[PDB]
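Chain by chain, the residues:
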Amino acid sequence: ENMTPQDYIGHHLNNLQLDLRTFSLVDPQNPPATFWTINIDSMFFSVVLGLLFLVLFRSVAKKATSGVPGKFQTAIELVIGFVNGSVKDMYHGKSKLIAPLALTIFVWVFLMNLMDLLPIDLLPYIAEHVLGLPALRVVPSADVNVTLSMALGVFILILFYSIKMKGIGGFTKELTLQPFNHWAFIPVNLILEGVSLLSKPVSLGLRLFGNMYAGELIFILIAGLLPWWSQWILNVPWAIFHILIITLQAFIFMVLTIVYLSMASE
Amino acid sequence: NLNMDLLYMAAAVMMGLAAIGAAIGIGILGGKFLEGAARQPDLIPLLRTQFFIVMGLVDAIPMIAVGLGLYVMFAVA
Amino acid sequence: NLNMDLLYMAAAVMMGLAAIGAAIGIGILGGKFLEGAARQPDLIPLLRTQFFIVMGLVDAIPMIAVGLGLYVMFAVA
Amino acid sequence: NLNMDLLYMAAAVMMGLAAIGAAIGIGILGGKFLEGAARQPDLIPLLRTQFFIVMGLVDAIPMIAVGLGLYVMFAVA
Amino acid sequence: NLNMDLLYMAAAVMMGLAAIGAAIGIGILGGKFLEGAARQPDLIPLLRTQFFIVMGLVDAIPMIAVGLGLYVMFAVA
Amino acid sequence: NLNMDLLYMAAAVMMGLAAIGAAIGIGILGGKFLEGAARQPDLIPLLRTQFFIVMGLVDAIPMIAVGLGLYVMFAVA
Amino acid sequence: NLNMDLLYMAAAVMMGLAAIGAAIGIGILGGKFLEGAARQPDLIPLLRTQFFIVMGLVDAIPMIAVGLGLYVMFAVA
Amino acid sequence: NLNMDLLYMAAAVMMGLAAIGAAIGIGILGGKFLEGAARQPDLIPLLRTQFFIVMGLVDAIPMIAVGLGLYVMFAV
Amino acid sequence: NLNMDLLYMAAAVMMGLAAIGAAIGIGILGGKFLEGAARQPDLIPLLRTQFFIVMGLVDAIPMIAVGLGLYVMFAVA
Amino acid sequence: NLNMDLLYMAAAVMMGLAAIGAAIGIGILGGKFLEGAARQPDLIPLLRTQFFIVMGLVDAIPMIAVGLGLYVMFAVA
Amino acid sequence: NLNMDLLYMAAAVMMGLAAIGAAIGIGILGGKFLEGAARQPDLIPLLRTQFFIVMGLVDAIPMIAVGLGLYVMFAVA
Amino acid sequence: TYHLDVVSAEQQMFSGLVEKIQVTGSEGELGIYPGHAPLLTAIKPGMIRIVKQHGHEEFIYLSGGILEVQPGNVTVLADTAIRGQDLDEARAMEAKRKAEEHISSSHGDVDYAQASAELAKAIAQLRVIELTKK
Amino acid sequence: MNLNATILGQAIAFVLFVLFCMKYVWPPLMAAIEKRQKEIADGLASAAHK
Amino acid sequence: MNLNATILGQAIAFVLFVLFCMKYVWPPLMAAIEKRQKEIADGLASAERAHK
């Protein structure tokens with residue numbers, strides 16, 4: 001088997017894609033060029049983890065009793081309390097959206113990051129040999145598209161809340177007049193506040209992507225270059241470090257969503 | 001030869017400066033977090049919730065730098 | 001056509017120096033914010049207001065540096 | 001030809017060093033403003049008046065570097 | 001031949017800048033840890049816990065920088 | 001020819017270093033000025049008077065640098 | 001020329017930036033060790049054990065650079 | 001030709017690093033001046049005298065660098 | 001052949017950077033030694049012992065750098 | 001002609017780095033002198049004698065650098 | 001010919017970095033000495049003794065650098 | 001110039017206008033000036049130099065207390081203070097004898113916490129008794 | 001990277017998961033949990049001295 | 001490069017990682033759940049003690 005180190009790394013860095021015009025699972029050796037080459041891995045893994053999240057929480061919601069809580073129910077009400085406590089800290093308006101939005105963001109991004117800890121060859125190997133798919137990678141949040149999808153959704157909610165509460169006059173006043181106040185500085189202020197506004201969602205998406213893609217690349221590099229006896233002793237410390245990374249990146253995406261929507265509305 | 005060479009050189013400079021920026025900024029910010037934890041320890045769960053907010057802003061820009069670094073290496077080649 | 005290869009370098013230096021400036025500026029600003037929080041924790045939502053007001057000015061120039069470097073990397077190159 | 005390579009690099013060095021200078025200067029000055037605001041709230045508007053006074057002078061020289069970097073990029077090259 | 005021989009230089013730049021960033025960031029953070037550890041003994045383990053936690057965030061970017069430098073040496077050059 | 005390509009670079013480096021120096025110098029000096037007001041405001045005008053007195057010597061050299069940068073860029077060209 | 005001399009230059013960069021980082025990080029950390037040792041001179045054994053815990057993390061990431069620089073000089077060049 | 005633009009580059013390096021030196025050293029010095037002045041008002045003239053005494057020493061080298069920057073630039 | 005000049009340049013970089021690190025690290029550490037000893041005029045020998053212990057670590061990497069610089073200049077060149 | 005055009009850069013590096021070193025070293029030391037002369041102006045002459053003793057140590061090496069820069073620039077040309 | 005010419009640049013970098021290291025390190029250490037003397041004037045003859053103990057360790061390496069700079073400039077030239 | 005008031009629970013040590021003063025502090029000694037920056041602090045065992053009109057000093061022992069500088073008129077509060085000629089060199093030498101015995105006679109930490117204060121009292125007296133000779 | 005239809009696919013998934021959480025999950029979870037808290041709060045309010 | 005050994009090495013890494021997880025990650029979780037059931041058990045008891 002003529003596996004060079006660079007080629008093993010490359011195949012782990014090759015997405016599985018399908019062109020919607022020919023509607024066929026295309027080969028990674030030669031990549032086609034069109035917007036409609038959906039990344040199969042991203043879609044399937046993201047939607048499956050979201051469904052699992054909803055199924056667990058619903059499996060408690062459709063049964064919950066206000067008596068003595070069980071050992072599983074307690075775990076879900078811990079995270080509910082954690083999310084609601086963080087929302088209650090930073091948002092005081094009445095909106096019913098903010099709290100469930102924070103909940104879904106936290107748990108969904110957590111599970112998506114959790115994919116990164118699994119062994120790099122397991123699911124891709126099963127996908128090629130058992131099924132026959134020509135490529136695979138299993139971390140959804142290690143792809144730009146999903147992270148920008150979430151960031152742009154949060155962007156649209158920021159615009160919705162700013163418009164809704166402030167009205168036509170207030171939002172235009174904040175975009176033009178600040179931070180230099182005088183009407184002589186308005187032409188510069190549109191650029192400064194416009195770029196700040198646009199920076200908020202760009203920051204969200206690229207923070208999450210930059211963490212997760214490079215982490216998966218570290219696992220790929222260890223597996224591809226270094227000999228087995230060193231692969232285990234370098235794989236364990238990176239996993240122990242990346243548990244902290246996955247938790248904090250999910251938490252940061254949640255917290256900054258709350259902060260951005262709070263500053264949009266209040 | 002030297003077209004593809006210089007792309008990885010550019011990624012090197014980009015990610016190196018980004019590494020300095022993120023590392024030093026969080027070093028300073030977390031040092032102040034620890035000083036505030038040392039003076040009022042039962043107040044840590046609030047200051048930690050402020051630290052993650054500020055730390056998000058600190059890393060936000062080095063991380064688009066890092067993203068374009070790995071873009072230059074793996075996407076442009 | 002050699003012209004392309006220097007333009008990634010010229011974008012790299014802009015985004016690297018912008019990352020350094022905009023990371024260390026917010027590090028210094030936010031550390032003082034956290035010590036202010038450690039002294040006066042009932043004031044935190046006031047100092048968060050002032051902190052955002054000042055942080056916009058810290059990120060005035062560096063977000064222009066990132067904007068034009070990100071321009072040079074894609075639009076011009 | 002040979003012109004645009006170095007002219008973009010010159011503009012990039014100019015605005016990158018400006019992006020260091022403005023960010024660090026406003027970081028230090030704003031950090032002192034925030035400890036002043038935490039130490040003496042209800043003097044926030046007066047201290048903010050003085051903060052903008054000093055901020056105008058702190059950023060005065062860098063603004064020229066930004067202007068001439070934009071000139072070099074979009075007029076000379 | 002120059003193409004690979006310069007890639008050693010690119011890796012040198014990247015991982016050296018990463019080394020200085022990580023070292024100084026951890027130095028500042030640990031200095032505040034020790035000062036707190038001298039003031040409050042039962043806070044020695046508590047502050048050491050938070051110290052490890054945020055040291056992860058300090059090293060997150062330099063570790064990927066160093067890994068990519070090693071990748072340049074052993075899988076690009 | 002090559003002359004103008006290098007001369008714009010020379011003016012760029014000169015004015016960039018001038019910008020960093022002047023901006024950070026006034027940042028520190030005005031930081032102490034703004035600190036004084038947080039202690040108490042009644043010598044804001046007199047500390048602001050000594051502030052201009054010192055800020056002149058701060059701006060002494062960087063405007064020689066800026067003057068020669070402008071000369072190189074517009075007169076040697 | 002180009003093969004050997006650039007490898008020594010890369011080694012110089014690696015083991016010089018490692019020197020800056022590993023020296024200044026430990027200077028910053030050990031200064032706080034000595035200040036704590038002067039305030040609480042009965043705690044010096046406990047403080048120095050904390051100091052070695054932190055110092056191990058400070059030095060590790062420069063030690064990668066130092067070892068790999070020796071590798072680049074003797075093993076590669 | 002190639003000679004003179006490199007002369008301008010060398011002058012740029014000298015007269016930029018002199019700017020850094022003369023800026024930061026007097027920022028550090030004048031900040032201590034302002035705190036001392038904000039604490040001892042009658043001594044503001046006295047402290048200001050000491051300030052110029054030490055300012056001469058701080059400016060000593062950056063002016064050598066600036067004089068040689070102008071020499072490399074214009075006189076050769 | 002010309003190659004021998006770059007070896008002096010490489011040792012120059014390596015040893016000058018080691019001088020920066022070994023000077024400033026000990027400067028910071030000794031400053032804290034003196035400051036701590038000034039407030040309480042006792043316990044200096046046990047405290048002085050600690051200064052040598054930590055100073056042993058500060059300069060180790062610079063000592064490796066200086067040794068390799070001497071080796072490059074006199075042995076290799 | 002070809003020979004002399006690089007000795008002015010050999011002079012430039014020495015005097016730029018020696019200017020930064022001497023200026024900022026004396027800045028730190030003199031800032032401490034003015035602080036101490038603010039607490040006990042009664043000791044202003046005694047501290048002034050200590051300042052002139054220590055400043056001669058501070059700028060010994062930078063003057064070797066400035067002297068050999070002037071030698072190179074005006075005796076080797 | 002470059003075997004003569006580059007050696008002055010190679011000594012230039014050595015005696016620039018040695019000067020920055022020695023000047024900043026002694027600036028920090030001597031400033032701590034001056035504040036200690038300002039608050040504890042009875043202890044000046046003791047603090048001065050400790051100052052001269054520590055200062056030779058600060059100068060240990062920069063004088064290696066400056067001695068080899070002189071050697072490279074005049075002996076090998 | 002300005003007015004200085006020095007008191008202890010046992011007596012008023014001084015009260016009147018003064019030209020300048022040098023006073024002990026918690027970290028180190030400090031010199032006050034007319035219209036100085038207002039401050040308050042605790043004071044370590046030491047003394048105060050009272051340089052009055054026409055430049056005449058007198059030396060007051062301050063074994064412990066607090067100093068106040070908020071107004072132009074300043075104020076010293078002393079837990080224990082002794083006038084500069086009620087004490088004497090023989091008394092400070094007796095304090096030296098006492099402290100040098102107790103240093104040899106203290107062996108734990110709490111008793112050294114007391115012997116250190118006894119030593120500080122002795123040393124502050126041994127200081128003021130020399131300053132008194134000017 | 002490669003601008004791709006996956007972004008809009010993930011947007012559909014994101015918005016529908018938020019709507020499902022708003023409709024099915026969140027109201028009943030919070031209702032049950034806070035109803036337990038209410039019972040304990042009245043358990044405080046109930047507490048023969050009076 | 002031989003590939004079978006790399007998957008074997010990933011298996012060893014996973015085993016050692018599991019032994020870390022069982023002894024530093026799971027017990028905090030079981031502690032949190034057990035202490036929240038302690039808390040609500042105490043709460044329901046201290047609720048029913050109004051009946052007395």
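Residues numbered from 1 in each chain as written, not as in the entry; some residues may be left out. Chains lettered and ligands numbered in written order. Part of a larger assembly, values for the part shown. Heavy atoms only, no water. Residues with missing side-chain atoms left out of burial classes, pairs and counts.

A. Spotlight on the overall build of chain M. What chain M contains, in helices and strands, is one helix and zero strands. Rg of the C-alpha trace for chain M: 22 Å, well past the compact-globule value of 10 Å for 50 residues, more than 25% over. Considering only C-alpha atoms, chain M reaches an extent of 75 × 20 × 10 Å along its principal axes. (Helix = DSSP H or I, 4+ residues; strand = E, 2+ residues; numbered from the N terminus. Rg over C-alpha atoms; globule rule 2.2 N^0.38 Å.)

B. Examining the overall build of chain A more closely. Scanning chain A from N- to C-terminus turns up eight helices and three strands. In chain A, the order of α-helices and β-strands from amino to carboxyl end is α-β-β-β-α-α-α-α-α-α-α. Projected onto its principal axes, the C-alpha coordinates of chain A cover approximately 70 × 60 × 40 Å. Out of the 266 residues belonging to chain A, those deemed buried represent 52%. About 12100 Å² of surface is accessible on chain A, with carbon and sulfur atoms providing 70% of the total. The positive charge centre, built from 14 side chains, and the negative charge centre, built from 15, are 21 Å apart in chain A. (Buried < 20%, exposed > 50% of the residue type's maximum accessible area, 1.4 Å probe, protein only. Areas by Shrake-Rupley, 256 points an atom, 1.4 Å probe, with all protein chains shown as cover. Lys, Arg positive; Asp, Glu negative; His and termini not counted. Charge placed at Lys NZ, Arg CZ, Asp CG, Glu CD.)

C. Looking closely at the packing of aromatic side chains. Under the definition given, this model contains 44 aromatic pairs over all chains. Pairing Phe35(A) with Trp36(A) gives two aromatic rings, centres 5.0 Å apart and planes at 80°, and the pair type is edge-to-face. For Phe35(A), a relative accessible area of 35% gives the class partly exposed. Aromatic ring contacts, followed pair by pair, group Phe82(A), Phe106(A), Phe251(A), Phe33(B), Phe51(B) and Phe52(B) into a single cluster. Lying over the aromatic face of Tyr260(A), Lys200(A) brings its terminal NZ or CZ to 4.9 Å of the ring centre. Taking the ring centre of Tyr33(L) as reference, the NZ or CZ of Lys20(L) above it sits at 3.7 Å. (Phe/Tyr/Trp six-rings, centres within 6.5 Å; stacked < 30°, edge-to-face > 60°. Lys NZ or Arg CZ within 6 Å of the ring centre and 35° of its normal.)

D. Region of the structure containing helix α2 (residues 44–76) of chain B. Residue and element names in this part refer to chain B. In a regular helix each residue adds 1.5 Å, so 33 residues correspond to 48 Å; α2 covers 45 Å between its end C-alpha atoms and thus fits that length. At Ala60, α2 shows its maximal bend, which comes to roughly 35°, and the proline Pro62 appears one to four places after that position. Counting buried residues along α2, 25 of its 33 residues qualify, which places the element largely inside the surrounding structure. Positive backbone phi, at 60°, marks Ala77, one or two positions downstream of α2. (Expected span 1.5 Å × (residues − 1). Bend = angle between axes of the 7 residues up to and from the residue.)

E. Spotlight on a nonpolar patch on the surface. Where nonpolar side chains cluster on the molecular surface, the patch consists of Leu118(A), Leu122(A), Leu123(A), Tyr125(A), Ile126(A), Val130(A), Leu131(A) and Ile7(N) and spans about 720 Å² of accessible area. Looking at the nonpolar patch, the element that brings in the most residues is helix α5 (residues 122–131) of chain A, giving six residues. Summarising the element assignment, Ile126(A) is placed in helix α5. (Patch = residues over 30% accessible without salt bridge, like charges linked within 9 Å, V, L, I, M, F, W, Y side chains within 5 Å. Salt bridge = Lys/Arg side-chain N within 4 Å of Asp/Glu carboxyl O.)

F. Region of the structure containing the sheet that holds strand β3 (residues 37–39) of chain A. Residues and elements named next belong to chain A. Strand order in the open sheet made by the three strands is β2-β1-β3, with antiparallel pairing throughout. In this open sheet, the two edge strands, each paired with only one partner strand, are β2 (24–26) and β3. Going from strand to strand, the sheet's axes swing by 40° on average, the running direction of each strand aside. Across the sheet, helix α2 (residues 40–61) touches β1 (17–19), β2 and β3, and the angle it forms with β3 is around 40°. (Pairing = 2+ DSSP bridges. Axes fitted to C-alpha atoms, helices over the stretch in contact; angles between N-to-C directions. Contact = heavy atoms within 4.5 Å.)

G. Fine view of the side chain of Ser106(L). All names here are of chain L. Mapped onto the fold, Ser106 is located in the loop between α1 (89–105) and α2 (110–131). Since its relative accessible area comes to 11%, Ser106 is described here as buried. Filtering out sequence-adjacent residues up to four positions away, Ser106 remains in contact with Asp111, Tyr112 and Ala115.

H. Representation of empty space enclosed by the protein. The calculated volume of the largest cavity comes to roughly 170 Å³. The wall of the largest cavity is formed by 15 residues, among which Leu117(A), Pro119(A), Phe219(A), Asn235(A) and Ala13(N) lie closest to the centre. Breaking the lining of the largest cavity down by element, the ones donating at least two residues are α7 (186–225) and α8 (228–265) of chain A together with α1 (4–24) of chain N. Classifying every residue of the lining of the largest cavity by side-chain character gives 12 nonpolar, three polar and no charged. The space that makes up the second largest cavity amounts to roughly 100 Å³. What lines the second largest cavity is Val60(A), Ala64(A), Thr65(A), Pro69(A), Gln73(A), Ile76(A), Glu77(A), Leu29(M), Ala32(M), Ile33(M) and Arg36(M). Listed by contribution, the elements that provide at least two residues to the lining of the second largest cavity are α3 (71–90) of chain A together with α1 (6–46) of chain M. (1 Å grid on protein atoms, 1.4 Å probe; cavity = no way out; pocket = protein on both sides within 12 Å on 5 of 7 lines; lining within 4 Å. Points joined across faces, edges and corners; volume = space filled by probe spheres on them. Nonpolar A, V, L, I, M, F, W, Y, C, P; charged D, E, K, R; others polar.)

I. Expanded view of the UniProt feature "transmembrane region" (unreviewed entry) in chain A. Residues and elements named next belong to chain A. Per the UniProt record, "transmembrane region" (unreviewed entry) is annotated on residues 33–57, 97–115, 144–163, 208–230 and 236–261. Between the end C-alpha atoms of residues 33–57 the distance is 40 Å, and the span holds 72% helix and 12% strand. As annotated, residues 97–115 has a helix share of 89% and a strand share of 0%, and its two end C-alpha atoms lie 27 Å apart. (UniProt positions renumbered as here; feature names shortened; annotations may be inferred.)

J. Region of interest: the packing of helix α3 (residues 60–76) of chain D against helix α3 (residues 60–76) of chain F. One way to put it is that α3(D) packs onto α3(F) with a least axis distance of 12 Å and a crossing angle of 15°. Put simply, α3(D) runs roughly parallel to α3(F). Between α3(D) and α3(F) lies a crossing of left-handed hand. Across the interface between the two elements, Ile61(D), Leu68(D), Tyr71(D) and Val72(D) from α3(D) touch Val66(F), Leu70(F), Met73(F) and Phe74(F) from α3(F). By residue class, the composition of the contact of α3(D) with α3(F) is eight nonpolar, no polar and no charged. (Parallel < 35°, antiparallel > 145°, perpendicular 65-115°, else oblique. Left-handed = near helix turned anticlockwise from the far one by under 90°.)

K. Examining the arrangement of the chains more closely. Between chain B and chain D there is no contact, and the shortest C-alpha to C-alpha distance separating them is 11 Å. What separates chain C from chain I at the closest point of their C-alpha atoms is a distance of 20 Å, and the two make no contact.

L. Spatial organisation of unusual backbone geometry. Between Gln178(A) and the following residue, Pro179(A), the backbone shows a cis peptide bond with an omega angle of -5°. By the element assignment, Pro179(A) lies in the loop between α6 (144–177) and α7. The phi angle at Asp42(D) is positive, at roughly 75°, despite the residue not being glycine. Here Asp42(D) lies in the loop between α1 (2–39) and α2 (44–58). A relative accessible area of 73% means that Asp42(D) is categorised as exposed.

M. Region of interest: the side chain of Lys32(C). You can see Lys32(C) is positioned in helix α1 (residues 3–39). Here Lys32(C) is buried and forms no salt bridge, its nearest opposite-charge partner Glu35(C) lying at an N-O distance of 4.2 Å. Ignoring any residue separated from it by four or fewer positions in sequence, one finds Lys32(C) in contact with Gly31(D) and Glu35(D).

N. Geometry of the environment of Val54(B). All names here are of chain B. Within the secondary structure layout, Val54 lies in helix α2. The buried category is assigned to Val54, whose relative accessible area is 1%. Along the backbone, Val54 and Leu29 are 25 residues apart, and their C-alpha atoms lie at a distance of 8.3 Å.

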